[PDB]
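Here the structure comes first, spelled out in structure tokens, and everything after it is commentary.
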Amino acid sequence: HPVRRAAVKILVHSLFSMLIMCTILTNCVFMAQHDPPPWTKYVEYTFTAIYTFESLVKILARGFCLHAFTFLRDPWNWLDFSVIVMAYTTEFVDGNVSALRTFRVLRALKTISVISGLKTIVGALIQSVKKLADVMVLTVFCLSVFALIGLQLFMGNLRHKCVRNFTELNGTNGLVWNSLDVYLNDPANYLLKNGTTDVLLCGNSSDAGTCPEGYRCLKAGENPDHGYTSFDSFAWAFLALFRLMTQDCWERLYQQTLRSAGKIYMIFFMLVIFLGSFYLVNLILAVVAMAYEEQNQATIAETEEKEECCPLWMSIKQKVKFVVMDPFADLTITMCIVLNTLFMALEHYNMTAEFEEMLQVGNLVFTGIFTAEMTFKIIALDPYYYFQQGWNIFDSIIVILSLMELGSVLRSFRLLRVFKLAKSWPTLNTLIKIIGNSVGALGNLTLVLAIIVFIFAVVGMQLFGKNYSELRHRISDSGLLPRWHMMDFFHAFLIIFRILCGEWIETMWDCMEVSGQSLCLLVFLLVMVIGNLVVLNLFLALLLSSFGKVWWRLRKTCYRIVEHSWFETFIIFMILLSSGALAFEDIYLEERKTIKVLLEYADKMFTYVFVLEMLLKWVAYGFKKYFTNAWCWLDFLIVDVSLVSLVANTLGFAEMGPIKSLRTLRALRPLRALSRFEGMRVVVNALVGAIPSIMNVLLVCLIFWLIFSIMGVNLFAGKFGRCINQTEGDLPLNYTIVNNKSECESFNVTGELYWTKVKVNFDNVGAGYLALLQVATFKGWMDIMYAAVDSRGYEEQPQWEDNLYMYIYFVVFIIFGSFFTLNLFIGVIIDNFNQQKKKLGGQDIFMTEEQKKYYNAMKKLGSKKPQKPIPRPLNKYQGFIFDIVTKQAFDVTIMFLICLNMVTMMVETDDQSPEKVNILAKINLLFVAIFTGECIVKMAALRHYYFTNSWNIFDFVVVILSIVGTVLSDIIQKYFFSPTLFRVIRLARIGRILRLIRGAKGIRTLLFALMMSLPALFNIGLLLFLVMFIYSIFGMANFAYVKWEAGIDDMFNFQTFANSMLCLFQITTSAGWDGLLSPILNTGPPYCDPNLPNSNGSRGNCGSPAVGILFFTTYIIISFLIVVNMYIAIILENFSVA
Ligand SMILES: *[C@@H]1O[C@H](CO)[C@@H](O[C@@H]2O[C@H](CO)[C@@H](O[C@H]3O[C@H](CO)[C@@H](O)[C@H](O)[C@@H]3O)[C@H](O)[C@H]2NC(C)=O)[C@H](O)[C@H]1NC(C)=O
Ligand SMILES: *[C@@H]1O[C@H](CO)[C@@H](O[C@@H]2O[C@H](CO)[C@@H](O)[C@H](O)[C@H]2NC(C)=O)[C@H](O)[C@H]1NC(C)=O
Ligand SMILES: *[C@@H]1O[C@H](CO)[C@@H](O[C@@H]2O[C@H](CO)[C@@H](O)[C@H](O)[C@H]2NC(C)=O)[C@H](O)[C@H]1NC(C)=O
Ligand SMILES: O=C(NC[C@H]1CCCCN1)c1cc(OCC(F)(F)F)ccc1OCC(F)(F)F
Ligand SMILES: *[C@@H]1O[C@H](CO)[C@@H](O)[C@H](O)[C@H]1NC(C)=O
């Protein structure tokens, strides 16, 4: 038929796909708008018309009722049918809620149907979620187990607050309240943690927060920040542990818990962090990588299987070719490029006039140099080369661009010259290859990601815009717009970007406080899971596609005594005790007047014994076999430091600058441990066995962040210093009161006004590097961005959102500097570890010889063939019962009963009700009776069911311990009752839940992989604990007495050793390190008080910026590299065992 022919031709045409695509794109640009004019209503009709016309084309290109069913058969078409009927209904009939008008975002999905490769990527991205099923089950299982643990441990524990004393009068029941009635409604009376608008927590233990004089603490209170962080009511415990699993702002929950319960529970938090968070996240990584790998093999595999005048002009041309035949000056011009990078790099905030003049002079110099090079090389060999070769293309592009610029985004063009260093730099060539594959092979998947971000940004914006705009007061401190809202579309895209980066809870609290918990949790959890999944798939695709006789006498005695094991154990326990003596060096020495001199003599004895064994090594091994090992160098340097410190102590001239400014370097004393301990040694050989690759890629990222930092100097410089007034510690008042720095210096007639910059800012390339590290690591970036998207003038006060669209600077950076630079680091580092494994031919690293024995035996532990299957008991009743229990049904019955027990354990909260405690206790007795019955029958299977297999003895011991738990819990009243000793007997009930590992198979395999990785992780964490130790002692001697600011409260400090190890624990996960650097960087008043009384003679309460940045940046790099070791061990183990 004619109609059918026409329809088919249109359906197959290549032009109408472009039609559809442009219509969808314009629909998207019309959809991103909030409160559109009434004009757009007819454009909506136009869009519906085009959509229905295309649907008509498709159904008539099939051309019958059955054909319509065939059109419907393609699942992507269902989306189009739904959207046409939805547009038709929304025009036909609309009491009126009009909520359906956000369903038009489904049209944006049609892009993935029209593009040739988009649906391919989305279909290959669903299979990853289908492989991720076992890890999702294990993740929710661990989250549930840890949720029950934290629920019993911290039930309603976060509620604690610092309430002002209780005033009780005999009569009834400046006062005027009635106990519970006044207190819950009390809040203002509550004590507000200093420097923050949050309730302060407390604790009855002698480890939680000390409450000031006049403030006792009682569980009676509403909840923490907004009511969503509470640990009671297992639902919210599952929320808070999903938060500790994504590590989203987990330092806040960690600080709040340990402020409530007691600093001991950092054991719980580090158990969750180092086995729940890290291990589950890296298992997700591993399984996504494995699926992709299989697809690549198959995908790669499937592809593989296939069946002026003319004579003067010419003369001068030939002669100039003869003159400049050979430039061969790439070294000269590359040194010119390097000098130009260094010359632009010499920009800063307050540049002297002559300095800026010299900058411009060298500017013109280098521009002339580069034009000269281009002209000579274009009149040298051939202009068809500068026509063809893209290298010459962009060289000349930069030439013309610089000329146009000489003819503050202005200087963005000069910084293009930096890139051409890549032609001889294989590593920067690899980063260039990565950035190219981003928009090349993986361009379709980047498109999937962009479409997803768009869909969610427009969904959220017109789901919560009215709410964010009218309930704005319930979301911000003062009457103002929020810093993060969804009313516009730029801001909704920023919220979805933030959620992509990994920080969702802190804006979901707002979205729930304004909109409503159900759908807000729905959309944010959805964007979390989906967006992080596509980001993970993109990251992994890129990282994959990147590829006399007394002399003899004494010397023999010395050899025998040095190879004597008791001597080695002597020095081992010696260095242990010396590290301890270091650990006792906190601020409370002045109160410990005996341990002072005890450790004095101890230090003298340590340096004596160590120089003694040094001399023994000297006279025994000879100056060659000694100075050949590097650890001997390490011991020699350390004893050298201690000896010079000691001799300068005794022989006068000490206790002033250097020296005694070196005795803090004594905190390297633990470093002797790496030499002797067989695990730290192998892991360190694996780490410094990578400094080549690490330093290469760090130079690459230093050049790239140099580009970005120079851009940041030009855009922001001096544009950051607010001039905030003294009483409130915030931005001045408004732009009008104090607009300019030249105005606050006029209005400072009273000493109230200060014009002080933000701590981390862009004023050099140094602080530029620092602000980029903070931003690209995601911790501490809130301050940089707020100050930058407030930057109005050059020294003018910042209005609240002027220069708004800068946010795009941090967006483009964060992408190109964290999803790409950290992709380079990770990819190269992982490749390096793989190469090391291949070279060792052993293929195993981080494990010593005995650890290899453990590993092989544990691998053998997975023996598949059982013993004699089962003996029939030869007895009548034993036979009947053995038949009724050996059936595979019996296991499923017990499994459902124990999942019902789990659900019984999920439903307790704090202060539930007495009758509820009774019902739950009776149900506990009932389940322990059922399990005792299962136990006795199993033991009566024949004779040995409770000894044949490890799972059975686990069942047996948990049954016994549950019986004991009941028989002790009912007799609490007779002998003695305790508040906390009951919780431990209550918590061993979690043992029953762990039965579920048996019937489950995926959970068993993944947990077994973790078990096989436990020794490697042990050695790695041993090195990490040693590093926490070194750094904690260094900070204890260094970072003590610093002012109490954002990340350093009374409980989390560097004063004692407990506090330092805690702060360093949270900084191990890169968390909160902005908060701990913030009080070190400040030098000088207003905030600090240089020269202040201290317990120790040393004066001042302000940290050293120079040493603080070194400390924190180096610790982040080291810890990041060691948790890359963790990621690597985990991935190897997973693949190896599954
Ligand atoms: C830390 O020790 C505190 C002192 O023992 C303790 O305060 C006590 O808390 C209990 C409630 O758990 C109070 O008992 C009160 O409870 C009933 C309602 O169930 C009230 O009607 C009565 O007022 C009754 O006294 C104790 O009175 C109270 N004791 C004191 C001295 O204040 C804290 O509870 C302990 N820690 C926490 C956070 O609970
Ligand atoms: C900083 O900004 C202020 C803006 O108020 C500039 O102000 C002088 O301020 C008076 C206010 O009475 C204005 O009428 C003048 O127009 C301002 N001068 C100029 C040149 O605009 C102040 O000059 C600015 N300082 C610098 C160094 O630019
Ligand atoms: C505003 O006035 C106060 C007066 O108290 C200034 O405070 C002094 O600031 C200088 C540095 O500029 C310090 O050296 C002094 O120690 C501070 N006062 C003291 C304690 O003597 C403040 O700097 C002024 N701010 C501006 C922007 O002018
Ligand atoms: O690699 C990233 N590292 C950032 C960590 C490193 C350790 C310390 C704290 N910050 C990384 C950076 C991202 O920035 C935003 C986006 F790229 F999404 F746009 C997003 C995801 C990222 O990693 C997720 C992945 F890829 F592993 F799935
Ligand atoms: C909080 O800050 C105030 C500042 O006035 C100080 O007096 C108090 O000791 C601080 N307390 C804690 C627990 O940080």
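Take the sequence shown: its letter number 543 is residue 1437 in the working numbering, and every next letter is one higher. Every residue gets a Cβ at the ideal spot worked out from N, C-alpha and C, and that includes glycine.
Burial state of residue i (16 or more Cβ within 10 Å)
i, result
"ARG1892", "buried"
"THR1963", "buried"
"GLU1462", "exposed"
"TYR936", "exposed"
"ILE1723", "buried"
"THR1644", "exposed"
"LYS1317", "exposed"
"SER1926", "buried"
"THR1033", "buried"
"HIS1054", "buried"
"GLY1546", "exposed"
"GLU1494", "exposed"
Contact test: residue i Cβ vs ligand 2 heavy atom, cutoff 7 Å
i, result
"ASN1717", "no"
"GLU1639", "no"
"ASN1642", "no"
"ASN1244", "no"
"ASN1323", "no"
"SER1636", "yes"
"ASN1633", "yes"
Sequence-distant residues of the same chain with beta carbon closer than 8 Å to residue i, five excluded per side
i, result
"residue 2034", "Residue 2034 lies beyond the range of the chain shown here (895 to 2032); nothing can be said about it."
"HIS895", "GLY957"
Heavy atom of ligand 5 within 7 Å of residue i beta-carbon
i, result
"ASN1088", "yes"
"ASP1092", "no"
6 Å Cβ shell around residue i - same chain, five flanking residues per side excluded
i, result
"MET980", "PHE997"
"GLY1044", "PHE1125, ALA1131"
"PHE1707", "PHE1602"
"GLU1695", "none"
Heavy atom of ligand 4 within 7 Å of residue i beta-carbon
i, result
"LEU1394", "yes"
"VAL1429", "yes"
According to DSSP, residues forming a beta bridge with residue i
i, result
"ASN1634", "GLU1690"
"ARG1110", "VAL1057"
"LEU1483", "Answer is none; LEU1483 lacks a bridge partner."
"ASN1619", "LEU1647"
"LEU1086", "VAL1093"
Distance cut-off 7 Å: residue i Cβ against heavy atoms of ligand 1
i, result
"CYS1111", "yes"
"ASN1064", "no"
"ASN1098", "yes"
Cut-off 7 Å between Cβ atoms - residues of its own chain near residue i, not counting five sequence neighbours on either side
i, result
"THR1401", "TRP1378, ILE1389, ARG1392"
"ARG1880", "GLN1046"
"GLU948", "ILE914"
"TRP1845", "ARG1892"
"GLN1949", "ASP1480, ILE1481, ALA1934"
Contact test: residue i Cβ vs ligand 3 heavy atom, cutoff 7 Å
i, result
"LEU1647", "yes"
"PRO1979", "yes"
Checklist entry - Three or more C-beta pairs closer than 8 Å, one from the stretch 1615 to 1628 and one from the stretch 1586 to 1595: is that the case here? => result no
Next on the checklist: Count Cβ pairs between the stretch 1507 to 1516 and the stretch 1438 to 1457 that sit closer than 8 Å; are there 3 or more?
Outcome noted: yes
Next on the checklist: Three or more C-beta pairs under 8 Å: does that hold for the stretch 1360 to 1374 against the stretch 1676 to 1691?
Outcome noted: no
Next on the checklist: Three or more C-beta pairs under 8 Å: does that hold for the stretch 1074 to 1093 against the stretch 1108 to 1123?
Outcome noted: yes
Next on the checklist: Any contact between the stretch 1354 to 1366 and the stretch 1376 to 1387? By contact I mean 3 or more CB pairs, one from each, below 8 Å.
Outcome noted: yes
Checklist entry - Should the stretch 1971 to 1986 be regarded as contacting the stretch 1934 to 1948, the criterion being three or more beta carbon pairs within less than 8 Å? => result yes
Next on the checklist: Below 8 Å, how does it come out for the stretch 1426 to 1439 and the stretch 1703 to 1721: are there three or more Cβ pairs, yes or no?
Outcome noted: yes
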